[PDB]
Amino acid sequence: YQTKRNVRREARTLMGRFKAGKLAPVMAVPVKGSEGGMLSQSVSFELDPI
Amino acid sequence: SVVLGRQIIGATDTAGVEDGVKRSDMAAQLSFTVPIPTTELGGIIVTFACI
């Protein structure tokens, strides 16, 4: 039973603001037992006017 | 169907530069050419445009 037969799919797009100098978490993808595959994440950056 | 494009126009005055004022413009074009179906009693062709 611990062998791949079916597949899951997740697509989460999020937006927010995090203060500089802080290790800010952005996303948390769950992985259950006997699972694997490819993970692709992308994050944009845009600072306030200086 | 089509997804609207975007063009950004930014302010240049002192207030706009400091605050960062900008505008978004959205436009699109759609057209089709299809034959009219011949019928004995005719009909009405109604067009729709939804955003």
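To be clear, the structure that these remarks concern was listed above.
## Here we look at the overall build of chain B
So, point 1. When helices and strands are counted, chain B shows 1 helix and 2 strands.
So, point 2. Listing each helix as α and each strand as β along chain B from the N terminus yields β-α-β.
So, point 3. In terms of overall dimensions, chain B is more spread out than a globule: its C-alpha atoms have a radius of gyration of 21 Å, far above the 10 Å expected for 51 residues.
So, point 4. A principal-axis box enclosing the C-alpha atoms of chain B has dimensions of 70 × 15 × 15 Å.

## A short note on the overall build of chain A
So, point 1. From N to C terminus, chain A includes 0 helices and 0 strands.
So, point 2. The C-alpha atoms of chain A give 16 Å as radius of gyration, which overshoots the globular expectation for 50 residues (10 Å, by more than 25%).
So, point 3. With the C-alpha coordinates aligned to their principal axes, the bounding extent of chain A is approximately 55 × 20 × 15 Å.
So, point 4. Counting every atom, chain A has about 6000 Å² of accessible surface; 56% of that belongs to carbon and sulfur.

## Observations concerning the pattern of salt bridges
So, point 1. Summed over all chains, the structure comprises 5 salt bridges over all chains.
So, point 2. For the salt bridge of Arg-12 of chain A with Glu-10 of chain A, the shortest nitrogen-to-oxygen distance reads 3.7 Å.
So, point 3. Judged by its relative accessible area of 45%, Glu-10 of chain A falls in the partly exposed class.
So, point 4. Close ionic contact of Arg-23 of chain B with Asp-25 of chain B constitutes a salt bridge, the shortest N to O distance being 2.7 Å.
So, point 5. Note on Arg-23 of chain B: relative accessible area 47%, which makes it partly exposed.
So, point 6. Bridged by salt links that share partners, the residues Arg-8, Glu-10, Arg-12 and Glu-35 of chain A form one connected network.

## Concerning the layout of surface pockets
So, point 1. Space inside the largest pocket adds up to approximately 1900 Å³.
So, point 2. Lining the largest pocket are 42 residues, and of these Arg-12, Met-27, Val-29, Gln-41 and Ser-42 of chain A sit closest to its centre.
So, point 3. Of the residues in the lining of the largest pocket, the class split is 19 nonpolar, 12 polar and 11 charged.
So, point 4. Estimates place the volume of the second largest pocket at around 380 Å³.
So, point 5. Along the wall of the second largest pocket there are 13 residues; nearest its centre are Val-2, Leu-30, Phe-48, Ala-49 and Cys-50 of chain B.

## A short note on the environment of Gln-29 of chain B
So, point 1. Positionally, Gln-29 of chain B belongs in the segment after β2 (22-25).
So, point 2. Residues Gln-29 of chain B and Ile-44 of chain B, 15 residues apart in the sequence, show an inter-C-alpha distance of 24 Å.

Conventions used here
Residues numbered from 1 in each chain as written, not as in the entry; some residues may be left out. Chains lettered and ligands numbered in written order. Part of a larger assembly, values for the part shown. Heavy atoms only, no water. Helix = DSSP H or I, 4+ residues; strand = E, 2+ residues; numbered from the N terminus. Rg over C-alpha atoms; globule rule 2.2 N^0.38 Å. Areas by Shrake-Rupley, 256 points an atom, 1.4 Å probe, with all protein chains shown as cover. Salt bridge = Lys/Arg side-chain N within 4 Å of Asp/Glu carboxyl O. Buried < 20%, exposed > 50% of the residue type's maximum accessible area, 1.4 Å probe, protein only. 1 Å grid on protein atoms, 1.4 Å probe; cavity = no way out; pocket = protein on both sides within 12 Å on 5 of 7 lines; lining within 4 Å. Points joined across faces, edges and corners; volume = space filled by probe spheres on them. Nonpolar A, V, L, I, M, F, W, Y, C, P; charged D, E, K, R; others polar.

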